[PDB]
Amino acid sequence: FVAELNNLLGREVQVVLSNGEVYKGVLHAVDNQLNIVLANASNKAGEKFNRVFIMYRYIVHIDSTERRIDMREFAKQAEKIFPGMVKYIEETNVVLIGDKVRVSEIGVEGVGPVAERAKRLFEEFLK
Amino acid sequence: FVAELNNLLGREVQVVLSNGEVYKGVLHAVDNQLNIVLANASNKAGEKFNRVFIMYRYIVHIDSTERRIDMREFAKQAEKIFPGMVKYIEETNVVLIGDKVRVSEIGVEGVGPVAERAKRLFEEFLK
Amino acid sequence: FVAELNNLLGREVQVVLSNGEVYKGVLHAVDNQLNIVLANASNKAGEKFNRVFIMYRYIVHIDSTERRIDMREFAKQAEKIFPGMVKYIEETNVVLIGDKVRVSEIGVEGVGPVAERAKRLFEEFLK
Amino acid sequence: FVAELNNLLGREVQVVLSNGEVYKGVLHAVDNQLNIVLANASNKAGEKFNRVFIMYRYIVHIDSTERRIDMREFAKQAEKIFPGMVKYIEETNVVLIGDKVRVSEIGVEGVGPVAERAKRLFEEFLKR
Amino acid sequence: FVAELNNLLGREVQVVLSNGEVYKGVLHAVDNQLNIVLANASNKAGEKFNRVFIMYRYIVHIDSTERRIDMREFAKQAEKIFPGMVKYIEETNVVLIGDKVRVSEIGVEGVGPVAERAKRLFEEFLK
Amino acid sequence: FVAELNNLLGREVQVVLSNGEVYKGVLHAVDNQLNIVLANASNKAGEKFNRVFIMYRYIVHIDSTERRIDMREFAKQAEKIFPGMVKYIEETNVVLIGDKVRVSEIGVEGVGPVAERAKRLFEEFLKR
Amino acid sequence: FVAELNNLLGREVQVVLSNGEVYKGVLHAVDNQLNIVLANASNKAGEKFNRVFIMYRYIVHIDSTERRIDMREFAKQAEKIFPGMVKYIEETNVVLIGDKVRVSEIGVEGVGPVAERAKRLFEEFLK
Amino acid sequence: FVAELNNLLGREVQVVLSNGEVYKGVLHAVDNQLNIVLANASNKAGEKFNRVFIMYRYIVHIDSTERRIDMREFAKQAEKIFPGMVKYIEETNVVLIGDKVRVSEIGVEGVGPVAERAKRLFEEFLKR
Amino acid sequence: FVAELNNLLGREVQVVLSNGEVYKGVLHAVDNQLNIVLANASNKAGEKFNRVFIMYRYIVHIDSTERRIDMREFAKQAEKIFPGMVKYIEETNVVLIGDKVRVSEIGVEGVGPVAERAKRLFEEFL
Amino acid sequence: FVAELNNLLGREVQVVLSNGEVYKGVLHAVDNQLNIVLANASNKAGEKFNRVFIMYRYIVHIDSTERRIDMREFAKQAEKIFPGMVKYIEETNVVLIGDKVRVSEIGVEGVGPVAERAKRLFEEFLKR
Amino acid sequence: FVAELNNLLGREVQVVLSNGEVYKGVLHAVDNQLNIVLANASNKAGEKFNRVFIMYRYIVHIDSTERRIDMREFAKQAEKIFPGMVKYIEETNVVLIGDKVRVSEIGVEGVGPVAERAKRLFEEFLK
Amino acid sequence: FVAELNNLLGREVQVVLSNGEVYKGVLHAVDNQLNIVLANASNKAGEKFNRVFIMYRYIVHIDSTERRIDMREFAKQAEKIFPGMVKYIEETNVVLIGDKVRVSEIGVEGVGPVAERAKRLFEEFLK
Amino acid sequence: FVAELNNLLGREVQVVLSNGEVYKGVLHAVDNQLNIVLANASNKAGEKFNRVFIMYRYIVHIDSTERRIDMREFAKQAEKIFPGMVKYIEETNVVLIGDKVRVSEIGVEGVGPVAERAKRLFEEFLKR
Amino acid sequence: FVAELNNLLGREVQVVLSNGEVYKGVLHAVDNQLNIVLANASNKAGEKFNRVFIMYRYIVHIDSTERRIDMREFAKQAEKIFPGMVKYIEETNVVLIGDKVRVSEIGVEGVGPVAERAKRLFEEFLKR
Ligand code: NA
Ligand code: NA
């Protein structure tokens with residue numbers, strides 16, 4: 001889940017370690033090996049650090065109490081519904097469905113059958 | 001068992017970790033290395049999280065208390081009974097036996113010896 | 001992609017090996033390590049084998065061998081089955097039948113006798 | 001596929017190696033790592049060896065060498081043994097014997113003396 | 001022992017884990033890496049689960065209290081006594097020794113010295 | 001670069017393999033180990049496949065296939081949509097529109113209607 | 001996080017080990033495998049050592065309470081804002097943006113919109 | 001197959017390497033990683049070395065170099081030694097001696113004088 | 001020690017696991033990765049199992065209280081004393097030294113200097 | 001050498017791959033595994049790509065492509081900015097400027113107005 | 001830190017193991033995997049051993065209370081000050097800077113500007 | 001330290017395991033992966049075993065109380081003193097220095113400055 | 001075979017590499033991973049290097065290059081030193097000196113003046 | 001051989017890679033995994049780079065490029081520097097100065113001023 005964690009950069013998360021400690025802080029960096037860097041983090045003992053560099057071998061799991069919106073995931077779901085018609089545009093963080101429908105994190109822009117199936121997907125997706 | 005778990009996506013499962021914690025939630029994603037992502041999960045202390053990202057190295061086992069029919073598994077089993085005549089169709093989630101027998105999650109469709117043998121097999125498949 | 005492949009059991013795939021051989025046959029089994037078993041396969045020299053067990057270390061890539069269904073044709077044949085209720089939306093290459101059934105090149109959306117009849121039509125194309 | 005290969009012990013297989021050699025012989029042993037031992041194997045140059053211990057790292061693929069049984073001929077021979085009790089079903093290429101025995105190109109289903117006799121017939125096709 | 005475990009598919013086994021849990025259930029699946037799936041399993045705390053997917057890293061040992069004839073093993077033992085004349089036949093679960101003796105899980109069938117030597121071997125084999 | 005590649009989902013990429021083949025197609029999926037799935041991909045011999053599942057051990061490199069947008073042209077067109085508001089800055093190859101919307105070859109900064117209309121022009125260049 | 005740590009060479013850090021010890025000292029050396037050498041480091045019991053060579057397998061996490069500026073990190077995020085016009089200059093530890101704006105750990109030097117934009121980024125960078 | 005090779009210490013074996021070389025010599029040592037030491041070994045170019053230490057990573061396969069014993073010839077010679085007590089059995093290519101000794105191409109079953117004499121004839125055949 | 005353990009097949013051994021359990025049974029199977037299968041085994045709590053399939057990663061050590069003659073071992077040793085003249089014959093479990101001296105589990109058969117040196121070696125071996 | 005390469009972000013480099021290709025472009029990113037992202041890179045056939053994601057397993061070596069600054073020419077241009085305060089030292093190929101500013105081919109040592117001004121001159125050599 | 005430990009061969013060090021033992025002794029050997037041999041070692045309980053061979057997998061960290069001069073590290077630092085002009089000479093354990101300046105653990109030999117810069121570096125190195 | 005342990009074959013050593021057991025016995029065999037076989041060993045509880053086969057993953061360290069002479073190690077030391085003139089002779093366990101000096105475990109044979117230097121070397125080696 | 005190799009320190013070996021090169025020289029160092037350092041080594045092209053540090057991953061095999069001592073010649077020369085006390089024994093290719101010293105192609109067994117002297121003759125052959 | 005290479009920092013070495021390239025340059029850095037950085041290196045084609053970062057997986061071997069110092073010539077020069085104090089000992093190719101200082105092709109043994117002077121003569125021989 002490197003991709004999903006990349007969507008949480010800048011958001012608060014909790015990382016539970018095999019030595020029993022739990023650090024909560026802003027997700028600062030994630031790499032392919034799942035090493036993690038937290039910013040302005042703290043542990044249960046209430047200790048605070050500008051940065052905590054966490055070795056991936058000791059990470060049990062990472063928790064988020066935040067529902068955020070990931071348009072790449074929406075694009076994955078949209079491909080199942082409009083196969084061959086979906087493009088994620090990292091430049092504007094939008095998902096294009098054909099060349100007349102545009103989905104952003106606020107919703108679907110466009111008209112007709114496609115746009116209505118899309119609106120329906122987006123709504124499911126938001127839940 | 002990446003395949004088996006993929007059939008449980010969207011269903012509730014329980015994941016027991018080596019640090020003694022147990023998470024229960026909706027199986028949200030599974031990769032080839034078996035890292036797991038649960039949605040709306042909780043541990044035994046009652047804490048809840050929108051997402052829990054579980055590193056595969058600390059997962060002891062994953063448990064399910066649900067039946068859940070897997071037509072790919074039925075296809076594998078049918079292949080042993082009707083060698084060379086079995087095809088799984090992911091598009092409609094059905095299994096074709098020969099040119100005239102069709103088996104969906106609700107059962108066998110067809111007539112004759114083949115259909116009777118498939119019906120016996122489908123029934124035992126549901127254990 | 002163990003899960004995506006497992007969804008192709010019984011379908012014909014091509015496996016390109018790093019020794020330059022190319023084997024085409026029915027996908028019989030895939031494991032977590034991506035070892036692959038092909039049933040009734042053949043190589044470029046035209047030799048045929050009932051079963052081929054492929055070590056994952058030598059697999060360069062696996063390719064789909066079937067063209068997706070022609071949705072304009074699907075609409076053509078479907079209009080005859082559901083007169084006055086078929087529509088082909090060129091915008092997303094999708095076919096709508098009535099107002100509760102939707103067909104894309106990867107499947108049939110909806111439930112009911114029309115949904116069901118459309119899955120049989122779709123499967124017929126696949127054969 | 002350790003399990004599937006273990007089910008072929010004593011059967012003839014072909015093993016393609018990444019140095020271009022190809023050995024055909026009786027599958028003698030398979031281990032978890034997929035190291036393979038063949039008995040009375042030979043290569044394309046015609047050299048013959050009582051045993052060949054093949055390192056898993058150089059195995060590209062292992063292939064079956066036997067063709068599946070001709071079910072119509074099986075049906076013909078079963079007919080002589082169970083007069084009037086045999087039915088060939090083209091729809092799946094299966095042969096039915098009486099009301100309790102079913103034979104596919106992969107084996108005999110059923111129990112009892114007819115099933116036992118059918119297995120024996122099946123095996124006679126494999127020895128050829 | 002992937003091959004031995006395969007001979008126990010559908011049979012009840014006990015799996016002792018590193019975390020101290022012990023699950024008993026029907027051996028439903030085993031792969032090359034020795035991950036294990038039990039069906040209808042229960043632990044020492046009495047909980048029952050339809051499926052338990054156990055990660056190989058945490059399995060200490062697998063135990064069986066049943067005697068289960070494995071004709072593949074008999075074939076291996078026969079090969080040391082009748083070198084070059086043995087063949088396990090998966091299609092019927094029989095071991096052929098030479099051209100005229102056949103051995104099933106019920107015992108030896110045949111006539112002569114070969115049958116006699118095989119009879120003694122099968123008796124030793126049963127214990 | 002799992003995260004960077006995930007950001008190209010649905011865009012066309014080129015994947016060069018160690019056996020000499022090169023597959024061009026839309027990135028359909030990328031996992032942590034960098035196995036890649038391409039959709040409607042084709043190779044140099046011209047063969048096309050609806051899906052190509054590429055094993056990570058054999059991937060040498062993955063290349064972007066799209067050229068970046070010509071900012072000078074973007075500027076020209078933004079003007080005939082935002083007269084007297086467009087300014088192309090050579091110093092950074094950036095185009096400014098009004099006083100609160102900035103556009104580079106990888107995005108538009110800003111909020112509000114002018115920022116939104118600009119993302120749409122950007123998207124139009126991307127579509128072709 | 002080999003890169004981030006490298007920026008902390010000469011600075012005081014705390015390294016938490018899986019045997020329960022915690023060493024605080026100057027980060028003297030870090031390699032690609034994340035082995036770490038600390039200088040004049042002490043553990044909680046109060047023992048100090050001129051050098052402590054810590055094996056990466058036993059490192060849970062590294063923590064820093066300082067806010068050290070990394071012009072490399074500034075250059076990475078400057079590249080997201082001025083794609084293709086950002087160069088980090090190890091020789092003088094400065095980031096060049098175009099041919100007339102230059103950012104040091106002190107701040108932005110240059111004028112016009114580029115300078116202004118950079119000033120906004122550098123200032124944010126300082127959080 | 002470390003156990004199997006360890007049973008060939010002192011016997012002549014052929015080791016095919018991924019660089020194209022083939023060394024045949026006496027198996028001197030095998031470890032669990034299947035590194036192999038041959039003594040008095042030679043390659044195809046005819047070079048001979050008193051010891052060759054082969055790294056497991058480059059080993060493709062290891063082959064037996066001896067043919068199994070001619071059992072009909074063994075029976076002919078056991079017959080001179082045990083008048084009217086020897087019988088070759090073609091069904092399994094085994095030689096029976098008296099009622100308590102049995103010889104396959106892999107060894108002798110039985111205990112006592114006849115068995116011990118049978119083992120020495122077998123060995124004489126291996127030394128040829 | 002895959003080869004030494006193979007010599008103990010069919011013999012009783014003890015396997016100590018890192019979870020603290022200790023199983024005692026007949027060594028039934030051992031593979032190159034040192035996974036071990038025990039037959040008729042039992043643990044310190046008295047529980048009996050027809051088969052115990054032990055994963056190599058949890059095995060600390062394996063113990064044997066029996067002295068068991070391994071002729072391949074004698075062959076390794078004989079090779080140091082009679083370089084180039086030694087061969088282990090698996091077919092008969094015998095070690096041949098030169099072509100007139102034969103050593104089995106019960107001893108040296110042959111005459112002359114070679115046989116005398118082999119007897120001394122075999123005696124030491126046991 | 002993850003740290004050494006991270007210090008080269010934004011600078012031009014060349015990456016040689018075991019498939020024989022060679023890409024030259026601006027170092028865009030380097031991870032702990034030594035996977036490399038090059039921006040605006042081109043291979044030896046002249047093809048160009050906005051981004052090339054290179055898998056570490058296939059990288060033979062990475063080479064710096066810029067020549068170090070010519071220190072004789074640096075002292076020359078520097079005398080013009082710092083009249084009578086510049087000394088070129090043949091012994092170590094270093095340039096002294098005044099009494100507290102030192103310049104080698106890898107940087108400027110010193111602090112204050114002269115040091116600042118000489119870093120900007122060093123930088124201009126690197127810009128061209 | 002294989003290089004650094006080699007500089008400590010023949011000097012006293014302590015090695016802390018993950019089973020809780022601590023051995024103090026003369027560093028006798030270090031290999032690339034960081035296995036370690038100690039001569040005339042002792043543990044906290046006071047037992048003494050001529051040799052203690054320590055498996056690298058169990059070493060948490062190695063510590064030294066001695067300040068040991070390593071001319072190779074001086075050569076590393078000097079190379080940053082006199083790029084392209086530095087050479088470590090193992091035959092004499094000296095660092096040549098240019099053609100007229102020589103540095104030993106005794107000090108800098110030579111005259112001129114280079115020698116003076118080298119002397120500040122050395123006095124600093126001995127910090 | 002496979003080489004150093006080989007020199008101890010036949011000598012008593014102690015092996016400390018991560019489960020806390022300690023075995024003392026004759027070093028019977030050691031392989032490249034450092035698996036160890038002990039002959040006639042005993043543990044702290046006083047149980048004795050003909051053979052103890054110790055998996056390398058569980059070995060923390062191996063200890064020896066004997067001072068044993070390793071002529072190969074002396075050869076490695078002599079090569080630093082007599083570069084290019086040293087040869088270890090496994091056949092007779094001696095070290096040849098040049099053509100006229102021979103060193104066995106009871107000392108130096110030879111006359112002249114080479115013999116004198118080798119004697120100082122050997123005396124130290126013994127310490 | 002780290003232990004067997006460590007017993008050849010100072011002796012000449014040949015190392016065959018997967019890139020096709022072959023280096024022959026004095027075995028200088030060997031570690032647990034079987035990396036090898038050779039002293040005064042040369043390849044087939046005739047180049048010589050004072051030290052060659054060989055990465056284990058590329059080593060196909062290592063071969064001793066010294067032939068074993070001709071024992072008949074050893075016996076001949078031992079007869080000039082121990083008149084009438086030497087017997088060459090063709091049976092095992094061993095040389096007996098008196099009744100307490102025995103010499104094989106790999107060593108001398110025995111204690112005392114005769115044994116010590118035979119060890120020096122043995123070494124004189126190894127030095128040739 | 002991490003430690004042995006770290007002792008060659010600043011010295012010239014040759015690194016042979018498995019893609020067939022051979023780089024010669026100053027050893028700038030070596031890490032525990034044997035990744036290697038060369039400074040001002042060149043390949044056989046004559047291309048040179050101020051820095052080359054070589055990936056350990058492609059390094060076949062690293063070779064010393066300097067010849068050891070001529071000890072006879074060293075002696076002939078230690079003479080005009082230490083009249084009547086120098087003896088060249090052929091038996092080990094060693095040079096003795098006075099009776100407390102000893103030089104081998106690997107370095108100087110001894111302490112005090114005669115030793116220091118010896119070390120500097122030794123370095124003059126090494127320098128070019
Ligand atoms: Na539980
Ligand atoms: Na015990």
Side-chain angles (χ1 to χ4, degrees), chain F residues 1-38 43-44 54-71 74 91-93 104-107 122 125-126 128, chain J residues 1-63 65 120 123-124 126-128:
Chain F
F1 30 71
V2 170
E4 294 98 300
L5 263 45
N6 212 227
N7 278 313
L8 292 323
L9 253 10
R11 314 291 245 89
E12 173 166 278
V13 301
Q14 170 172 277
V15 192
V16 174
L17 308 185
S18 66
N19 67 343
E21 302 189 273
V22 185
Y23 281 83
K24 192 176 186 142
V26 339
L27 183 51
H28 188 75
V30 204
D31 67 9
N32 299 347
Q33 292 165 281
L34 280 316
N35 285 308
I36 291 169
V37 179
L38 298 175
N43 52 42
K44 271 175 158 288
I54 318 179
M55 304 288 272
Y56 82 76
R57 282 178 193 69
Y58 288 94
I59 304 189
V60 187
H61 64 269
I62 298 139
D63 322 315
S64 61
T65 306
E66 67 276 350
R67 306 76 165 282
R68 288 301 184 173
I69 291 165
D70 184 291
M71 298 304 285
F74 182 89
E91 196 184 337
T92 45
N93 180 54
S104 65
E105 70 184 345
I106 72 180
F122 200 116
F125 281 92
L126 290 185
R128 294 87 196 198
Chain J
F1 30 71
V2 166
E4 279 216 60
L5 295 181
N6 207 54
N7 280 320
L8 281 179
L9 296 177
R11 303 294 278 274
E12 191 180 61
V13 84
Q14 99 167 174
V15 182
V16 174
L17 316 181
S18 46
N19 69 337
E21 284 184 283
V22 179
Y23 284 82
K24 180 166 85 178
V26 295
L27 186 60
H28 190 72
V30 176
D31 66 9
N32 289 346
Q33 289 180 285
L34 257 10
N35 281 308
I36 296 193
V37 178
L38 293 188
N40 302 307
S42 66
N43 51 35
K44 292 295 195 186
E47 305 182 279
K48 311 172 148 57
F49 309 80
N50 180 242
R51 280 182 292 165
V52 177
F53 302 87
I54 300 171
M55 307 280 271
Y56 81 81
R57 184 162 352 244
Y58 284 92
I59 301 186
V60 187
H61 61 270
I62 318 311
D63 323 315
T65 55
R120 285 143 175 88
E123 277 141 44
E124 213 74 25
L126 296 169
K127 293 211 299 154
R128 283 92 171 299

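Computed from heavy atoms alone, side chains included, the values below leave out hydrogens, waters and symmetry copies. Here is the naming used below: chain letters follow the sequence lines, and residue numbers restart at 1 for every chain.
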- Message: Counting only non-hydrogen atoms closer than 4.5 Å, does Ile106(F) touch chain J with its backbone (N, CA, C, O), its side chain (CB onward), both, or neither?
- Response: neither
- Query: Rounded to the nearest 0.5 Å, how far does CE of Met55(J) lie from OH of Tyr56(F)?
  - Reply: 8.5 Å
- Got a second to check how far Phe53(J)'s CZ is from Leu8(F)'s CG, nearest 0.5 Å? 5.5 Å
- Query: Roughly how far apart are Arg67(F) CZ and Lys48(J) NZ, rounded to 0.5 Å?
  - Reply: 11.5 Å
- Message: Using heavy-atom distances under 4.5 Å, tell me whether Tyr58(J) contacts chain F through its side chain, its backbone, both, or neither.
- Response: side chain
- Below 4.5 Å from any heavy atom of chain F, which atoms of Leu17(J) appear? Answer side chain, backbone, both or neither. side chain
- Item | Exceeds 12 heavy-atom contacts within 6.0 angstrom, atom NZ of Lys127(J) | yes
- Note on the structure: Here the pair of heavy atoms bringing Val37(J) nearest to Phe1(F) is CG2-CD2, 3.7 Å
- Task: With a 4.5 Å cut-off on heavy-atom pairs, point out which of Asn19(J), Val52(J), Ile59(J) contacts chain F the most.
- Result: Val52(J)
- Message: To the closest 0.5 Å, what do you measure between CG (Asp63(F)) and CG (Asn50(J))?
- Response: 11.0 Å
Just distance, no hydrogens or angles: give the donor-acceptor pairs under 3.5 Å from side chains in residues 23-30 of chain J, sequence neighbours left out.
| unit_1 | atom_1 | unit_2 | atom_2 | d |
| --- | --- | --- | --- | --- |
| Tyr23(J) | OH | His61(F) | NE2 | 3.1 |
| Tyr23(J) | OH | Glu21(J) | OE2 | 2.4 |
| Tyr23(J) | OH | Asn43(J) | ND2 | 3.0 |

- Query: Quick one: what part of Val13(F) sits under 4.5 Å from any heavy atom of chain J, side chain, backbone, both or neither?
  - Reply: neither
- Task: Answer yes or no: are there more than 12 heavy-atom neighbours, outside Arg128(F) itself, under 6.0 Å from its atom CZ?
- Result: yes
- Task: Answer with side chain, backbone, both or neither: which region of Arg51(J) has an atom nearer than 4.5 Å to a non-hydrogen atom of chain F?
- Result: both
